[PDB]
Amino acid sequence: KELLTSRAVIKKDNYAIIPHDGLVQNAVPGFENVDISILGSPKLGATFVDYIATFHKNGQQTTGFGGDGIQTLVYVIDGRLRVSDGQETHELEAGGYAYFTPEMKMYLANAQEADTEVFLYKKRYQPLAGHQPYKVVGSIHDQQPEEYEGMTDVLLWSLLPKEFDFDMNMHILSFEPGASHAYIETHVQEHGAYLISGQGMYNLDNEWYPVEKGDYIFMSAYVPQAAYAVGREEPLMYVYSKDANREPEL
């Protein structure tokens, strides 16, 4: 057996790098034939809960995932997934996703026999007079990404409408080798990020760390952050969430 080592970095209410190697299976109610690990959550300092899961043959969520004030979003990293609210159902392929409102529960089922990798997220919805969220189902493959911050070597996908009807959004960033954010950011919004491709050097609280596909990164409110894409076999890509379009409550 190899020496016990880990590149995990956990700094509550600051930031966290959670490599795939240190995860364990959590028994999440409703999930069957699914290996699922809880990643970001309130105890880490996040105001949401996200998960990484591998649906096996006959893998499914049978009791209804979100609901009762909690909105949800699932993103298919690889494979095929069936998502339903009990009335309408959708078949999602890699790159596909579904956002359910805080009133509807999400039921899931692997759409193939082979394993399907999915990223799950939930957040209690914060209402705003005159606005209301609505169900969104789509695929990154049917969307034209934007040049992030006007840069040609960094592409940004936005899964939800940039409207006040929503109190959050989910994005996918893709960097060409050597590319990077235009500057180190410090903002109130949080991020729950899961790397799905490549490698990078990530600045977290002004400390730089090598990161890679399979790594989960939690960025608390205000933590200095930015990254350089590194490696040349594939682009650095990660899906990440963020609270948005609302004001902090006192």
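Note that residue numbering begins at 1 and tracks the sequence as displayed.
Undergrad: Would you determine, from the values in the PDB entry, which of 241-249 and 4-12 has the greater average C-alpha temperature factor?
TA: According to the PDB entry, the answer is 241-249.
Undergrad: So 166-174 or 148-156, which one's hotter by mean CA B-factor in the entry?
TA: Higher mean C-alpha B-factor in the PDB entry: 148-156.
Undergrad: Among the candidates 208, 194, 222, 65, give the one with the maximum CA B-factor reported in the record.
TA: Among 208, 194, 222, 65, the highest C-alpha B-factor in the entry belongs to 65.
Undergrad: Grab the CA temperature factor for residue 55 from the record and place it in the lowest, middle or highest third of its chain.
TA: Middle third - that is where residue 55 ends up once the chain's C-alpha B-factors are sorted.
Undergrad: Could you tell me which third, lowest, middle or highest, the C-alpha B-factor of residue 203 occupies within its chain?
TA: Its C-alpha B-factor, which the entry lists for residue 203, ranks in the lowest third among residues of this chain.
Undergrad: Would the CA B-factor of residue 140 place it in the lowest, middle or highest third of its chain?
TA: For residue 140, the deposited C-alpha B-factor lands in the highest third.
Undergrad: Test of reading the entry: by CA B factor among the chain's modelled residues, which third contains residue 118?
TA: For residue 118, whose C-alpha B-factor we compare with every modelled residue in the chain, the answer is the middle third.
Undergrad: For residue 179, return the chain-relative third of its C-alpha B-factor as stated in the PDB record: lowest, middle or highest.
TA: Lowest third - that is where residue 179 ends up once the chain's C-alpha B-factors are sorted.
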